[PDB]
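Some notes on the structure that comes next.
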Amino acid sequence: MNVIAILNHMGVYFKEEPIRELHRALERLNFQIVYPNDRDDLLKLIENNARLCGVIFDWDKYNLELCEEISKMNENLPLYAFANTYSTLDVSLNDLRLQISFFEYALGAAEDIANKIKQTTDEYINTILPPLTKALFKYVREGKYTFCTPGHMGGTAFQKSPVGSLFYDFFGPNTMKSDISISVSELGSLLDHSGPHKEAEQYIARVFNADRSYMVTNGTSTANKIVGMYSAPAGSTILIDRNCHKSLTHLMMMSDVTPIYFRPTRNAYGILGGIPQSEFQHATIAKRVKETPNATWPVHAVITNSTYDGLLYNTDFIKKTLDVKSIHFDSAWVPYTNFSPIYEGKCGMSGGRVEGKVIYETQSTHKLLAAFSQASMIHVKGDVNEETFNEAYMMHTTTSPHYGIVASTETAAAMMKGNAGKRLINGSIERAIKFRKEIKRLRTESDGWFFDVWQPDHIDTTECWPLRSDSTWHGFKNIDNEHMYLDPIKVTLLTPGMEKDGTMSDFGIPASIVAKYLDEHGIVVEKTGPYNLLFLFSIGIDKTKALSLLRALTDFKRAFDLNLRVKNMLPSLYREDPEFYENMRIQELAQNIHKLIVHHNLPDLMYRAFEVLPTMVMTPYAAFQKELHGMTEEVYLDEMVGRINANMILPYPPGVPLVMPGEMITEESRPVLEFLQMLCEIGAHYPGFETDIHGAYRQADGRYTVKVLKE
Amino acid sequence: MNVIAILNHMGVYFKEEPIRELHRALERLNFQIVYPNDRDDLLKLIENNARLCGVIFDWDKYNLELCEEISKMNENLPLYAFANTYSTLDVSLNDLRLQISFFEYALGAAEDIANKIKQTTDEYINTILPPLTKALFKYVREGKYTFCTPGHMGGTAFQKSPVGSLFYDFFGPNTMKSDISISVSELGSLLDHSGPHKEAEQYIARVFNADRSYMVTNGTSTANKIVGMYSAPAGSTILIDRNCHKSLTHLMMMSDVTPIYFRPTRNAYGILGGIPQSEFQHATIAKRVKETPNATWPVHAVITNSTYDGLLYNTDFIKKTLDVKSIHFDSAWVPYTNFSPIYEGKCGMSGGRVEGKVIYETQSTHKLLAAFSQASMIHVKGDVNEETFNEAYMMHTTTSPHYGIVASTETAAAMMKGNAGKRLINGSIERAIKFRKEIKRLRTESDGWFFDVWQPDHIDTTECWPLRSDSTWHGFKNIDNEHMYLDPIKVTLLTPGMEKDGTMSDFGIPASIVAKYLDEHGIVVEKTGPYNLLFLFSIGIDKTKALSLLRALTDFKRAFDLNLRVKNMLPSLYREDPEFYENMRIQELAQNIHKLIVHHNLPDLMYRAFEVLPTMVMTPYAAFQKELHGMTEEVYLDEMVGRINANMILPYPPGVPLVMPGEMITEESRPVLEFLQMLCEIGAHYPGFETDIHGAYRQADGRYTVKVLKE
Amino acid sequence: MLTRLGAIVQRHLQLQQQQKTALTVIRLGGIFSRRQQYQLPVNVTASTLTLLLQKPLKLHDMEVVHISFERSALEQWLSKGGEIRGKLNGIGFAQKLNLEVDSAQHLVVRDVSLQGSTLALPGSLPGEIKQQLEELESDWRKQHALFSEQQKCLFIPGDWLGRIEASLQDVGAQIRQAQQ
Ligand SMILES: *Cc1c(COP(=O)(O)O)cnc(C)c1O
Ligand SMILES: *Cc1c(COP(=O)(O)O)cnc(C)c1O
C-alpha cells in the first residue's frame with residue numbers, strides 16, 4: 001500500500017512545479033508514483049490495483065466526473081484534491097462517502113505535505129482493519145514480553161540450530177512474531193471472549209447479518225460437531241439430511257440419538273436435487289416417529305443447503321412449514337448469500353427472526369473466501385446459548401488458539417464489507433455468466449460435438465434460475481415449483497454421452513478422461529464421474545484463471561478429432577502402465593469405456609440404489625460402541641445380505657453416502673447392493689480408472705469386502 | 001544460511017590468491033564471507049552463529065585440532081578443506097562424522113569452485129530437512145495448481161482488495177503459498193497416513209525413541225482427550241491423577257467412566273510433590289474398587305509426569321508395580337528426557353517394550369520447543385490397535401489440516417538429531433546450574449535478605465537431584481526414596497517469609513509483590529503465589545534472558561532497602577488506584593500483606609484442604625447431562641454444605657483443582673470450604689491483589705457465588 | 001421365506017469356484033500401519049481345523065502332510081502381528097513356523113531353504129447348501145400345517161382360498177427347483 005496517483009496536467013508552471021517537488025519527497029518514505037492519462041485511465045488503477053491510497057488531481061477541472069465513480073468503488077479512499085481560490089462544492093456531492101484533503105501550491109512546503117500524506121495513510125490503515133487485527137500488528141512492533149509461550153518466541157530458538165534457520169528464513173520475522181497464546185492482556189483471550197475478541201464476534205455478525213457469529217479454529221468439520229451436541233440430548237431425535245458430509249457421520253456416532261433420513265430428489269446424471277416440500281409438512285415429521293421404534297419429537301433438523309454441487313433451496317417456505325425449533329442449514333459452500341440482491345430470501349440469514357425457532361449455519365471460511373486453514377463460523381438468527389455453550393466449544397479447541405487464523409477469519413468479513421467488497425461477488429457472477437455464454441457460442445458455430453452447461457435455455461437474466469416443472473434441462477421428475485434454485489457461479493459441464501430423456505447414446509466421452517486431462521495444465525476438477533464436471537468460480541478465480549479453462553477445453557476436441565496417442569497427450573496415465581497403454585489411441589479408449597457403461601447399465605443401477613433407504617436396525621451410536629469392544633468381522637461382497645454394516649459407503653462416483661453405519665440390506669434394498677457389484681467389474685479392466693469407494697477396500701483378486709458387525 | 005569461513009593464512013601467495021578469486025565469486029550467489037583468526041575464533045562462529053555452512057582451512061596445518069572439535073558440534077557440516085600434494089588422513093579420524101570436500105590451488109577455475117559449493121550447500125539443505133518439510137518448500141517454487149482449497153490460493157484474493165493487501169504484505173509470499181489442504185497429490189493426506197505423512201510419523205518416533213508418533217493439529221488439550229476415548233469404554237474405570245489440567249477435566253465429563261483420584265504429596269510452600277509408591281500397589285487399588293459404587297477393574301491410568309512445578313518420577317518402579325495395561329504419562333512439560341545421560345529411565349519412552357502394557361504420552365510441542373501453536377504428539381510404546389485409536393483422532397481433527405503447523409511440529413524433532421541438537425538440552429542445563437550457583441554466591445556475600453533456590457545444599461554434580469528422606473530442603477513428610485527427582489532447568493525461587501519447619505516469620509515478602517515488579521521490565525512469571533516462583537528455561541532461553549533475570553532480582557533489593565515509593569517503582573499498580581496508593585511505600589505494602597497471611601493462617605488451611613478429598617457422589621459424566629437440561633443454579637459460598645457442584649474450582653494460588661464437578665462437601669471435607677472463605681477476605685482490602693478462583697463469580701457485595709445443581 | 005431362499009441361490013453360485021482347491025485370505029477393514037489379514041467367515045467355523053499343502057517341505061527335520069492351526073491364535077497373529085505357533089501332523093507342541101503373506105492372498109510356509117508352499121483347506125449339491133435348504137423347507141411345512149387345520153372356518157369367503165393356497169404353492173414350487 002504505497003501507490004500515489006497524479007492525474008491531469010494543467011500545463012501551467014505554478015501547479016506542475018509542486019508536483020515535481022512532491023515527487024522527490026514521497027519517494028523518501030517508500031511510495032510509488034504513477035501518472036495516469038485521461039479520466040478512464042484513473043478508473044483502471046483502482047479495480048485492477050488495490051494497493052492504491054492516494055489520488056492527486058485538480059479540483060477545478062473534474063469536480064463531478066471523479067468524485068462519483070470513485071465513491072461507487074472505494075468510499076474510504078483518500079482524495080488529495082488540490083483546490084484553488086474560486087473553488088466550491090456541489091449539491092450532488094452531499095450523499096457520497098469521500099475523503100478530500102485540500103492543499104495549496106506553495107513552494108518549499110513540499111516536506112510538510114509529505115508528512116501529512118503519511119499520517120493520512122496511517123489513518124486509512126487504522127480504519128479498515130478490525131481491532132483484533134490491529135492489536136496483532138501493533139504487538140509485533142512494540143510488544144516484546146519475555147518468558148512466554150511458545151518456546152520459539154518469534155523464532156529465537158530457530159537461530160541456534162542450522163536446521164532451524166532454514167525454517168525461519170522461509171516465512172519471515174513478522175510471521176513468527178504473530179503466533180502467540182492467550183498470555184497477552186492487551187489482545188484478550190478467545191476462550192474468555194473479552195476485549196478485542198468480544199468486538200470481533202459483533203463485527204462479523206453485523207456485516208453478515210447475524211446475531212452472534214463465532215470463530216471456529218478447527219475447520220467446518222468441528223463446527224458441525226459442537227452444534228450437534230447442543231440441540232440433541234442423550235436420547236432424542238434429529239432430522240439429518242440424507243446427503244450428509246463425512247463430518248456429520250461421526251456426529252451421529254457420538255450422540256445417542258435416533259436420526260431420521262430424508263429422500264431428496266435426483267436425476268440420472270448423478271446431480272442430486274433437493275428435499276421435496278412434502279417432507280416438511282406436519283403430516284410428515286411425526287409420520288416416521290411412530291413407525292421407527294424408540295423415537296420422540298424431533299427437536300433439531302439438518303438441511304444441506306446448499307448441496308455439494310450448489311443448489312439453493314427455498315428458506316421462505318421451510319421457516320414456516322417445517323415445525324422444528326432448531327433448523328440447521330449446511331451453508332458450507334455459499335459464504336456470500338447477502339452481498340447481492342439476487343440472494344434475498346434464499347438463505348437462513350436473509351429475512352427476520354422467526355418466533356420460536358432458530359437458524360443454525362456453519363459457513364466454511366477456508367473454502368471459498370480468503371483465510372488460513374482450520375477456520376469456520378457459526379451464524380445465529382435468534383436466541384442461543386453462550387455461557388454453558390462455551391464449555392462445549394473448549395472441548396474441541398485447545399487453550400492456546402492460533403491468532404494467525406483468527407486474524408484471517410475476521411479479515412474475510414472485512415474484505416466483503418462496503419462497495420469495494422461487493423464488487424467481488426457481482427464480479428464473480430458476471431465472469432460466470434460470461435463463461436456460460438461462451439460455451440453455447442462455441443457449440444453451434446463449431447463443427448462436431450462440444451461441451452454443454454447444465455443451464456436453462458434462457459440465461460440472459462442475472463439471477464438464480466429456478467427449477468420449474470415445464471423444463472427439460474434439469475430432468476428431475478416431479479419437482480416442486482419455486483423450491484429449487486441454481487447457483488450461477490457453479491457451472492456444471494455436461495459431457496456428451498446421454499440423451500435428454502434419461503437413456504444412453506452411441507457416441508460420447510466420459511468425464512473421467514476429461515478430468516485427468518485438465519490436471520496436466522494445472523486445473524483440478526472438483527467433482528467428476530459419469531457425465532458431469534463441477535468447478536468453483538469464487539473470488540479467487542480472476543479473469544486469468546477463468547479464461548484459461550476454456551482454452552483447455554478446446555484443446556481436448558482438437559486432440560480427439562485428430563485421433564492422437566495416449567503417450568502424446570496424457571503422460572501421467574502412460575507412466576502407470578506403459579505396456580498396456582502402448583498401442584492405444586484417444587479414440588479407442590473413449591469408445592471402449594462408453595460401451596461398458598451401456599452394458600453394465602449405470603444410470604439405472606444408480607437411480608434405483610440411492611433412492612431407496614436400507615432398513616436401519618439400530619442407531620449409529622450403538623454401532624460405535626461395538627467397535628470399541630472388538631467385535632467387528634467381515635464377509636464377502638455376495639455374503640453381506642442381512643448384515644449390519646459399520647462404515648459409511650461413499651462411492652466415487654458419485655459423492656453421496658449410500659449405506660449409513662448401522663443398517664441392514666435385505667429384499668427392499670436389493671438395487672443398493674447391485675450398485676456396488678457393478679463398480680467392481682467396470683473398474684478393473686483398464687488401469688487408472690479403478691473403483692474408489694470409502695468402505696470397499698481393495699483386495700488382490702477383484703472382489704471387495706466391507707466391515708460388518710458380529711452376530 | 002550463507003556464511004563461508006576462511007580460517008588461517010599460510011602467508012604464501014599461491015594459496016591466498018585462489019582465496020581472493022573465490023571471494024569475488026561467492027558474493028555473486030549471495031554468500032557472506034568471514035575471516036576468523038586463530039583456532040578459538042572458528043569455534044565461536046558455530047555455537048553462536050548457526051547460519052554457517054562453509055569452513056575453508058588448510059589441511060596441512062590443523063588436521064587434528066579442527067576435525068575433532070567440529071565433529072563434536074555438527075555431523076553434516078561441510079568442510080571445504082584444501083589439501084596439498086603430501087596430504088593424508090589420520091588413524092584417529094575414522095569414527096567421526098564429517099563432510100570434507102577437497103580442492104586445489106588452480107588459477108582461473110574459481111568459477112567452477114563456486115558452482116560446486118552452491119550444489120553442495122543444496123545437498124545439505126535437502127538432507128537435514130525431513131521429507132515433509134522439504135516437499136512443502138519445493139511445492140511453493142514449482143507446484144502451481146489451480147481450483148483448490150483454501151480460496152486465497154497463495155494470496156490471490158488478497159491482491160484484489162485494499163484491506164487484503166495489508167494482511168498479505170505482513171507475512172510474505174512464501175507464507176500464503178505454504179497453506180495448502182489435502183488437494184495436493186505429491187504431498188499426501190494427514191488423515192490417510194500415506195506418502196510423505198507416512199514417513200514423517202516414523203521419523204519422529206525414531207528420533208524421540210518410540211514405535212509410532214502422531215502430529216496433533218489442535219494442541220495438547222486435544223491429544224489428551226483422544227487417548228481417554230480408547231482405553232475407557234462406556235462404563236469402565238480409570239486411574240486419573242489428582243493434579244490434572246483443565247483439559248483432563250472435560251475428558252471425565254464426556255465419557256461415562258468412574259475415575260479414581262490419588263493422594264499426591266505436598267509441603268507447606270505449595271510445591272506439588274508426587275504420588276507415593278504405596279498407591280501403586282495391588283492391595284491399595286483393589287481396596288478403592290469396592291468402596292466406590294459402580295466401579296470394576298481399572299484398565300487405564302493417568303499420571304502427570306512431570307507436574308506443573310517440575311518433579312520427575314521413577315518409571316522403572318511404576319512399570320513393574322502398577323498393574324495397568326494402559327499407563328499414561330502426561331509429558332506436557334518435559335519434551336527432552338531422552339537426549340541426555342542424566343535422563344535415562346525417567347520417562348515412558350526410556351527403556352524397552354513392556355509386555356502386556358503400553359505407554360501413552362502427549363508431549364507438548366508449542367510449550368518448551370520451537371513450533372507454531374496448536375501442536376502436539378502421541379507417543380505409543382507397545383502393540384495397540386490403530387484402527388480403533390485413529391477413529392477418535394479423526395473426530396477431533398478436521399479433514400483439511402494446516403500444514404504450516406505440521407511442518408513446524410516435525411521440525412522440532414529434526415532440530416534434536418546430532419550434536420547440534422544435543423547441545424541445546426545440555427546448554428540449558430549448564431545455564432541453569434550456573435544460575436543456581438549465582439544465587440547462593442550472592443546470598444552469603446550480601447548484607448541482608450536475598451532470594452533462595454529450592455535446591456539441595458550440594459549442587460556440585462550435574463544430574464537430577466534425588467529427593468531423599470534425610471534432607472530438609474524438600475520438606476516432604478515421609479517421602480519415598482529413589483522416586484522423586486528434581487528438574488535442573490526448573491528453577492524454583494523461594495522468597496524469605498517462612499522457616500524450615502513450616503511455620504511463619506516476622507520479616508517476610510510475598511511472591512506476589514515480586515511478580516508484579518518483574519512484569520515492568522517484561523519478565524512474565526510462570527507460577528506465583530505464597531512464597532515460591534517458577535521460570536521456564538527451555539532450549540529457546542539463551543544466555544541473555546538468563547542473565548537479565550538476576551539483574552531484575554538485585555534491583556528489587558535495592559529499591560526495598562532504600563524504602564522507595566510505589567509510584568516511583570510500580571507505575572502499572574499506581575494506575576489501578578492512584579488515590580489509595582498515594583502515600584504508600586514499598587515497605588508498608590510488603591509488611592501489611594505478610595501480617596494478613598499469618599493472621600488468616602494460609603499454610604495450615606491450604607495443607608489440610610488438599611489431603612482430605614471431598615465425597616464424590618456421582619461420576620463427572622452425569623453432572624454434565626444435568627447441565628444441558630437446565631437444572632443448575634448458583635448459591636452463596638457460606639450456604640453450600642451438602643450440595644453437588646457443577647464446575648471445577650481452580651484457586652490461584654495454587655494451580656491444582658479443589659472440588660471436581662460432581663462432588664459433595666460434607667462434614668469430612670470441612671477445611672476444604674475454609675480455604676475458599678479465607679481467600680475472599682485476604683483478597684478484598686488492597687487493590688490489585690484480588691482473589692482469582694476459576695468458578696467463583698464476583699457479585700457486587702464481595703461474596704463469591706459458585707454454581708451448584710438443583711435438588 | 002423369500003428373503004432366505006434368494007440368499008441360497010446366490011450362495012450356490014458362489015461355492016462353484018470354491019469346492020484345484022485354494023485358500024483366499026481377505027483383508028480386514030480399518031486404518032492400520034501393517035497390512036493386517038482376516039480369516040474366512042462362514043467357510044470355516046472350527047477351532048482346531050487342519051490345513052493341507054501342495055509341495056511338501058522338511059520342517060523340523062521331518063516330513064508333514066497336514067498342518068493344523070488354532071482359531072484363537074490365528075486371529076491375533078494376523079492382526080497384532082508377532083510369531084505364529086503351529087503343531088505338525090496334529091501331534092506335538094505348537095512349534096514356530098516361518099509363515100508370511102503372499103501377493104495372491106495365500107499362506108506361504110518358508111523353511112530352512114527359502115522354499116514356498118501354498119496352504120489350502122481340505123475339501124468335502126454342496127453340504128452347506130443342503131443344510132441351509134432343509135431348514136427353510138421344514139419351516140414351510142410348519143406354516144402349512146396350521147393352514148391345513150383352520151381352513152374349515154365357516155366365516156371365510158370361498159374366493160380367498162384360491163389366492164392363499166396359490167401363494168403357498170408358489171414358494172414350494174420354487175424351493176424344490178434349486179434342489180434338483
Ligand atoms: C468440505 C466440507 C467440510 C469440511 O470442511 P473443513 O473446513 O475442511 O473441515 C464439511 N462439511 C461440508 C458440507 C463440506 O463440503
Ligand atoms: C499447558 C497444558 C496443556 C495445554 O497445552 P496446549 O498445547 O495449549 O493444548 C495441557 N495439559 C497440561 C498438563 C498443560 O500444562
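Ordering of the C-alpha cells sets the chain letters (A, B, ...); residue numbers start at 1 within each chain; ligands are numbered from 1 in the order shown.
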
Near region 19-26 of chain A, within 8 Å and counting only C-alpha atoms, which residues show up once chain neighbours fewer than 4 positions away are dropped, as number ranges by chain? A: 15, 30-31, 33, 110-111, 113-114

Include C-alpha atoms and write out the residues we just selected as a short mmCIF file (atom, residue, chain, number, x, y, z; two decimals), in the first residue's frame.
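again_30.cif was written with the following content:
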data_model
loop_
_atom_site.label_atom_id
_atom_site.label_comp_id
_atom_site.auth_asym_id
_atom_site.auth_seq_id
_atom_site.Cartn_x
_atom_site.Cartn_y
_atom_site.Cartn_z
CA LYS A 15 0.86 23.82 -10.47
CA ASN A 30 8.72 4.36 0.22
CA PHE A 31 5.88 5.36 -2.11
CA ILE A 33 4.30 7.39 -8.06
CA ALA A 110 6.61 20.02 -0.08
CA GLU A 111 8.21 18.45 3.01
CA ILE A 113 2.85 17.88 2.63
CA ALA A 114 4.68 14.54 2.61
#

Based on the backbone DSSP call, show me all residues of region 432-496 of chain B assigned strand (DSSP E or B), as a VMD selection string. chain B and resid 452 to 453 466 485 493 to 494

How would the residues just picked look written out with C-alpha atoms as a short mmCIF file (atom, residue, chain, number, x, y, z; two decimals), in the first residue's frame?
data_model
loop_
_atom_site.label_atom_id
_atom_site.label_comp_id
_atom_site.auth_asym_id
_atom_site.auth_seq_id
_atom_site.Cartn_x
_atom_site.Cartn_y
_atom_site.Cartn_z
CA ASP B 452 16.77 -18.72 47.74
CA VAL B 453 16.60 -21.61 45.27
CA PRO B 466 17.03 -37.08 44.21
CA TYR B 485 13.74 -36.29 41.24
CA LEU B 493 12.84 -19.34 43.70
CA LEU B 494 11.86 -19.22 47.38
#

Contacts to ligand 2 at 8 Å cut-off (only C-alpha atoms and all ligand atoms) as a ChimeraX atom specification: /A:181,398-401 /B:218-222,224,244-248,304,307-308,330-333,364-367,373-376

So that I can see what lies close to residue 679 (chain A), please list as an NGL selection string the residues with an atom at most 9 Å from it, counting only C-alpha atoms and leaving out residues fewer than 2 positions away in the same chain. :A and (600 or 602 or 651 or 674-677 or 681-684 or 690-692)

Keeping N, CA and C atoms for every residue in the selection just given, could you write it to a file as a PDB file, in the first residue's frame?
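Wrote part_30.pdb, looks like this:
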ATOM      1  N   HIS A 600     -23.105 -52.511 -18.608  1.00  0.00           N
ATOM      2  CA  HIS A 600     -23.359 -52.684 -17.183  1.00  0.00           C
ATOM      3  C   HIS A 600     -24.553 -51.877 -16.694  1.00  0.00           C
ATOM      4  N   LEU A 602     -25.364 -48.190 -16.025  1.00  0.00           N
ATOM      5  CA  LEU A 602     -25.013 -47.358 -14.879  1.00  0.00           C
ATOM      6  C   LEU A 602     -26.169 -46.467 -14.425  1.00  0.00           C
ATOM      7  N   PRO A 651     -19.321 -44.014  -2.461  1.00  0.00           N
ATOM      8  CA  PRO A 651     -18.775 -44.419  -3.761  1.00  0.00           C
ATOM      9  C   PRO A 651     -18.435 -43.226  -4.640  1.00  0.00           C
ATOM     10  N   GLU A 674     -26.629 -53.951  -5.830  1.00  0.00           N
ATOM     11  CA  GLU A 674     -26.320 -54.082  -7.249  1.00  0.00           C
ATOM     12  C   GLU A 674     -25.429 -52.949  -7.740  1.00  0.00           C
ATOM     13  N   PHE A 675     -25.506 -51.777  -7.104  1.00  0.00           N
ATOM     14  CA  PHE A 675     -24.645 -50.667  -7.497  1.00  0.00           C
ATOM     15  C   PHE A 675     -23.200 -50.907  -7.083  1.00  0.00           C
ATOM     16  N   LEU A 676     -22.980 -51.621  -5.977  1.00  0.00           N
ATOM     17  CA  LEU A 676     -21.622 -51.913  -5.537  1.00  0.00           C
ATOM     18  C   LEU A 676     -20.984 -53.009  -6.382  1.00  0.00           C
ATOM     19  N   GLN A 677     -21.768 -54.015  -6.777  1.00  0.00           N
ATOM     20  CA  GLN A 677     -21.239 -55.093  -7.605  1.00  0.00           C
ATOM     21  C   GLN A 677     -20.955 -54.640  -9.031  1.00  0.00           C
ATOM     22  N   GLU A 681     -16.691 -54.474 -11.434  1.00  0.00           N
ATOM     23  CA  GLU A 681     -16.376 -55.040 -12.739  1.00  0.00           C
ATOM     24  C   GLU A 681     -15.968 -53.989 -13.761  1.00  0.00           C
ATOM     25  N   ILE A 682     -16.605 -52.815 -13.740  1.00  0.00           N
ATOM     26  CA  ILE A 682     -16.274 -51.770 -14.701  1.00  0.00           C
ATOM     27  C   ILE A 682     -14.935 -51.116 -14.381  1.00  0.00           C
ATOM     28  N   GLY A 683     -14.486 -51.184 -13.130  1.00  0.00           N
ATOM     29  CA  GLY A 683     -13.222 -50.588 -12.748  1.00  0.00           C
ATOM     30  C   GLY A 683     -12.155 -51.610 -12.418  1.00  0.00           C
ATOM     31  N   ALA A 684     -11.819 -52.462 -13.387  1.00  0.00           N
ATOM     32  CA  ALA A 684     -10.809 -53.492 -13.182  1.00  0.00           C
ATOM     33  C   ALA A 684     -10.171 -53.903 -14.502  1.00  0.00           C
ATOM     34  N   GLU A 690      -9.760 -47.142 -11.491  1.00  0.00           N
ATOM     35  CA  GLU A 690     -10.164 -48.150 -10.525  1.00  0.00           C
ATOM     36  C   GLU A 690     -11.360 -47.667  -9.708  1.00  0.00           C
ATOM     37  N   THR A 691     -12.003 -48.612  -9.029  1.00  0.00           N
ATOM     38  CA  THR A 691     -13.159 -48.290  -8.204  1.00  0.00           C
ATOM     39  C   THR A 691     -12.711 -47.641  -6.900  1.00  0.00           C
ATOM     40  N   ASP A 692     -13.262 -46.466  -6.607  1.00  0.00           N
ATOM     41  CA  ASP A 692     -12.921 -45.702  -5.408  1.00  0.00           C
ATOM     42  C   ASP A 692     -14.169 -45.600  -4.539  1.00  0.00           C
TER      43      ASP A 692
END

For ligand 1, which of A:632, A:363, A:615, A:699 is the closest residue, counting only C-alpha atoms and all ligand atoms?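 Going through A:632, A:363, A:615, A:699 one by one, the smallest distance to ligand 1 is for A:363.
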
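Nearest to chain A of all the residues B:343, B:704, B:57, B:624 is B:624, based on only C-alpha atoms.
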
Which of region 401-539 of chain B DSSP labels alpha helix (DSSP H), written as a VMD selection string: chain B and resid 403 to 414 419 to 444 511 to 518

Take the selection from the previous step and output its residues with C-alpha atoms, as a PDB file, in the first residue's frame.
ATOM      1  CA  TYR B 403       0.381 -27.956   7.066  1.00  0.00           C
ATOM      2  CA  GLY B 404       2.132 -24.862   8.430  1.00  0.00           C
ATOM      3  CA  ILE B 405       1.830 -26.308  11.930  1.00  0.00           C
ATOM      4  CA  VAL B 406       2.638 -29.875  10.835  1.00  0.00           C
ATOM      5  CA  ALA B 407       5.819 -28.679   9.112  1.00  0.00           C
ATOM      6  CA  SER B 408       6.915 -26.985  12.347  1.00  0.00           C
ATOM      7  CA  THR B 409       5.905 -29.943  14.530  1.00  0.00           C
ATOM      8  CA  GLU B 410       8.252 -32.334  12.724  1.00  0.00           C
ATOM      9  CA  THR B 411      10.887 -29.582  12.569  1.00  0.00           C
ATOM     10  CA  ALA B 412      11.216 -29.662  16.364  1.00  0.00           C
ATOM     11  CA  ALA B 413      12.095 -33.361  16.118  1.00  0.00           C
ATOM     12  CA  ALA B 414      14.678 -32.674  13.398  1.00  0.00           C
ATOM     13  CA  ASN B 419      25.440 -32.904  18.144  1.00  0.00           C
ATOM     14  CA  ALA B 420      23.753 -29.643  17.104  1.00  0.00           C
ATOM     15  CA  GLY B 421      20.609 -30.721  18.967  1.00  0.00           C
ATOM     16  CA  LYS B 422      22.253 -32.374  21.959  1.00  0.00           C
ATOM     17  CA  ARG B 423      23.955 -29.083  22.869  1.00  0.00           C
ATOM     18  CA  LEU B 424      20.537 -27.423  23.236  1.00  0.00           C
ATOM     19  CA  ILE B 425      19.431 -29.628  26.142  1.00  0.00           C
ATOM     20  CA  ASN B 426      22.839 -29.707  27.837  1.00  0.00           C
ATOM     21  CA  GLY B 427      23.287 -26.000  27.121  1.00  0.00           C
ATOM     22  CA  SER B 428      20.120 -25.112  29.021  1.00  0.00           C
ATOM     23  CA  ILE B 429      21.206 -27.308  31.942  1.00  0.00           C
ATOM     24  CA  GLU B 430      24.625 -25.647  32.188  1.00  0.00           C
ATOM     25  CA  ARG B 431      22.972 -22.217  32.126  1.00  0.00           C
ATOM     26  CA  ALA B 432      20.507 -23.367  34.798  1.00  0.00           C
ATOM     27  CA  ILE B 433      23.148 -24.766  37.165  1.00  0.00           C
ATOM     28  CA  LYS B 434      25.211 -21.600  36.697  1.00  0.00           C
ATOM     29  CA  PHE B 435      22.152 -19.516  37.592  1.00  0.00           C
ATOM     30  CA  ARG B 436      21.607 -21.680  40.682  1.00  0.00           C
ATOM     31  CA  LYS B 437      25.185 -21.072  41.838  1.00  0.00           C
ATOM     32  CA  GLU B 438      24.866 -17.304  41.342  1.00  0.00           C
ATOM     33  CA  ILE B 439      22.021 -17.202  43.881  1.00  0.00           C
ATOM     34  CA  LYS B 440      23.966 -18.923  46.668  1.00  0.00           C
ATOM     35  CA  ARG B 441      27.015 -16.780  45.870  1.00  0.00           C
ATOM     36  CA  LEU B 442      25.056 -13.512  46.129  1.00  0.00           C
ATOM     37  CA  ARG B 443      23.301 -14.682  49.326  1.00  0.00           C
ATOM     38  CA  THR B 444      26.116 -15.003  51.877  1.00  0.00           C
ATOM     39  CA  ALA B 511       5.987 -13.701  45.984  1.00  0.00           C
ATOM     40  CA  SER B 512       3.011 -11.818  44.517  1.00  0.00           C
ATOM     41  CA  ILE B 513       4.743  -8.459  45.024  1.00  0.00           C
ATOM     42  CA  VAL B 514       7.933  -9.602  43.281  1.00  0.00           C
ATOM     43  CA  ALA B 515       5.892 -10.978  40.367  1.00  0.00           C
ATOM     44  CA  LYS B 516       4.465  -7.513  39.672  1.00  0.00           C
ATOM     45  CA  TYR B 517       7.941  -5.952  39.649  1.00  0.00           C
ATOM     46  CA  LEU B 518       9.268  -8.431  37.076  1.00  0.00           C
TER      47      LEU B 518
END

With a distance cut-off of 8 Å and only C-alpha atoms, select the neighbouring residues of region 88-99 of chain C, excluding the residue or stretch itself and same-chain residues fewer than 6 positions from it, and output the selection as a PyMOL selection string. chain C and resi 50+64-68+107-111

Select all residues from chain B having any atom no more than 6 Å from an atom of chain A (counting only C-alpha atoms, ignoring ligands), output as number ranges by chain. B: 50-51, 145-147, 149-152, 157, 160-162, 171, 174-175, 219, 221, 366-370, 373, 398, 402, 522-524, 540

Could you please select, counting only C-alpha atoms, the residues of chain C within 12 Å of chain A and state them as a PyMOL selection string? chain C and resi 1-15+24-31+35-43+75-76+79+102-106

What would the file look like if the residues just selected were written as a compact mmCIF listing (two decimals), in the first residue's frame with C-alpha atoms?
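result_36.txt was written with the following content:
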# COMPACT_ATOMS: atom_id res chain seq x y z
CA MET C 1 -39.08 -67.41 3.34
CA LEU C 2 -38.33 -65.46 0.15
CA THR C 3 -35.58 -63.39 1.79
CA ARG C 4 -33.85 -66.66 2.78
CA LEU C 5 -34.38 -68.65 -0.42
CA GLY C 6 -32.89 -65.89 -2.57
CA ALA C 7 -29.70 -65.92 -0.50
CA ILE C 8 -29.31 -69.67 -1.07
CA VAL C 9 -29.37 -69.19 -4.85
CA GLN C 10 -26.68 -66.51 -4.60
CA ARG C 11 -24.66 -68.70 -2.21
CA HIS C 12 -24.99 -71.73 -4.50
CA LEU C 13 -23.35 -69.83 -7.37
CA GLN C 14 -20.51 -68.58 -5.15
CA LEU C 15 -19.49 -72.05 -3.94
CA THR C 24 -8.01 -66.83 -0.41
CA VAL C 25 -7.23 -64.60 2.57
CA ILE C 26 -9.29 -61.42 2.87
CA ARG C 27 -8.06 -58.10 4.27
CA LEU C 28 -9.92 -56.64 7.24
CA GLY C 29 -11.03 -53.03 7.12
CA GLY C 30 -9.61 -50.17 9.13
CA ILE C 31 -6.63 -47.80 9.16
CA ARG C 35 -1.27 -54.81 6.24
CA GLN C 36 -3.37 -57.00 8.54
CA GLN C 37 -5.27 -60.06 7.33
CA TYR C 38 -8.54 -61.72 8.33
CA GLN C 39 -9.66 -65.35 8.30
CA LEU C 40 -12.61 -66.82 6.40
CA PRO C 41 -16.16 -66.15 7.67
CA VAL C 42 -18.82 -68.85 7.30
CA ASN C 43 -16.46 -71.09 5.31
CA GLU C 75 -6.94 -64.09 14.73
CA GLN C 76 -4.24 -62.49 16.92
CA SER C 79 -3.85 -58.57 13.44
CA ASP C 102 1.51 -63.93 -0.30
CA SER C 103 0.93 -61.47 -3.12
CA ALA C 104 -2.06 -63.51 -4.35
CA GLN C 105 -3.54 -63.69 -0.81
CA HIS C 106 -2.29 -67.09 0.33

B:381, B:490, B:551, B:138 ranked by distance to residue 334 (chain B), top pick (using only C-alpha atoms):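 Checking each candidate against residue 334 (chain B), we get B:490 as the closest.
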
Near region 79-95 of chain B, within 10 Å and counting only C-alpha atoms, which residues show up once chain neighbours fewer than 3 positions away are dropped, as a ChimeraX atom specification? /B:4-7,15,53-61,63-64,66-68,70-71,76,98-105,117
